[PDB]
């Protein structure tokens, strides 16, 4: 008897979700080869990619993108895996997301709250992230629902400055 990659628990976790959130890349290869649905979504709209980016596993993040995972899926709060990586400052994962795609990476996608990833990175003051985003063309003008720009979301004067630098 061999694996069933389409199995679900009652929060809609596939093996591939579990594999991702553990970090077991070899297990990912295997599940994908057995037909596992890469963009499978759990009860709150999270892809294996969302779980990897939350947890900060660059290796897995990339392997998922390699197997065609979509980076634009929005969870129940409107967050892409990029939004998650930004809220937890996994710069290594952010970068994977931004550079994998070859350009076809949108940095303008709003959350539930209207927040782009740059808004989030500014709020929690994650300089390295922030620079990465800006360097690949994140906008400083986009306003969220509260009509605050990412500028206004900055945690310090340090950060504000770094952002105006491109502005």
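Residue numbers count along the first chain shown, from 1.
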{"item": "Greater mean Cα temperature factor according to the PDB record, 39 to 47 or 120 to 128", "value": "120 to 128"}
{"item": "Between 136 to 144 and 25 to 33 (mean CA B-factor, as deposited), the higher", "value": "136 to 144"}
{"item": "Residue 70, C-alpha B-factor rank within chain (lowest, middle or highest third)", "value": "lowest"}
{"item": "Residue 104 - which third its CA temperature factor falls in, relative to the rest of the chain", "value": "highest"}
{"item": "Third assignment of residue 158 from its chain's C-alpha B-factors", "value": "highest"}
{"item": "Chain third (lowest, middle, highest) by recorded CA B-factor, residue given as residue 11", "value": "middle"}
